[PDB]
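Report on the following structure.
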Amino acid sequence: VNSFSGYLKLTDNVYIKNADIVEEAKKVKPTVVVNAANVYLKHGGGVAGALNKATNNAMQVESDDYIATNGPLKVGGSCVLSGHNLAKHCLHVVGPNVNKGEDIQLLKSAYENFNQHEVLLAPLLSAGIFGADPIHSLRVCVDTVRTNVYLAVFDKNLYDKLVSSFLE
Ligand SMILES: CC(C)[C@H](Nc1ncnc2[nH]c(-c3cnn(CC(=O)N(C)C)c3)cc12)c1ccc2c(c1)OCCO2
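Counted the way full-length UniProt numbering counts, the sequence shown spans residues 1025 to 1192.
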């Protein structure tokens, strides 16, 4: 478990790799995989759709029963549920969707959830169709997370831009 390999070390606790988070979860067998969730835990699109399909929809069935009784999460909040075949636990984290006018300042609160876990496999929060500046998201991660975080970014041009920008 937690067999991470091939990552660039950005800081003493933040690592990054150009990889699909689903393929990393299958290789690594992490204690925790982070999902780039939304408040009603509808696992479509982006990371969430890929993670749920890799569980053959088990993640969606569990998430629907959670939401039915507990209601939606808040932006910046999180929820631990089963990791199914991908991890021991899945930490569902809601970053702000700035393309839908949500508050970018809540991105810090979204990464603060990672500090409850010693080591995590995670995506870059609020990137992709959520619209945040990826360079900004990586800075908020580095400044906020104190535990060991292994970021999987599934886009070579974005990965190459993030690393170049970070190394300036
Ligand atoms: C910024 C981008 C690159 C990032 N996406 C990702 N980051 C890391 N691992 C990822 N895997 C996939 C994926 C999708 N489909 N598949 C199956 C596949 O390709 N097969 C051929 C079987 C794998 C996407 C992905 C991101 C991060 C956060 C976000 C966000 C997006 O969407 C909205 C919410 O927040």
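From the three backbone atoms N, C-alpha and C, an ideal C-beta is built for every residue, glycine too.
Around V1058, the same chain offers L1115, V1117, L1144 and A1146 as residues with beta carbons nearer than 6 Å, after the five sequence neighbours per side are excluded. By the Cβ rule, the stretch 1149 to 1162 does not count as touching the stretch 1092 to 1101, because fewer than three pairs are nearer than 8 Å. A direct Cα-to-Cα measurement between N1076 and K1132 gives close to 25 Å. Taking non-hydrogen atoms of ligand 1 into account, the C-beta of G1069 is found less than 7 Å away from one of them. Take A1074, set aside five residues on each side of it, and the residues of its chain with a beta-carbon closer than 6 Å to its own are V1046, in chain order. Under DSSP, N1172 takes part in a beta bridge, and its partners are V1143. In the DSSP assignment, the residues bridged to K1033 are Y1039. For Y1064, same chain residues with a beta-carbon under 7 Å away, outside a window of 5 residues either side, are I1091 and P1096 in chain order.
Residue ranges of uninterrupted beta strand (DSSP E) with 3 or more members, entirely inside the stretch 1102 to 1152 and ordered along the chain, are 1102 to 1106, 1113 to 1117 and 1143 to 1146. For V1187, the enclosing alpha helix (DSSP H) has its first and last residue at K1180 to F1190. Between the C-alpha atoms of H1113 and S1161 there is a straight-line separation of about 23 Å. In this structure, the CA atom of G1101 is about 13 Å from the CA atom of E1126.
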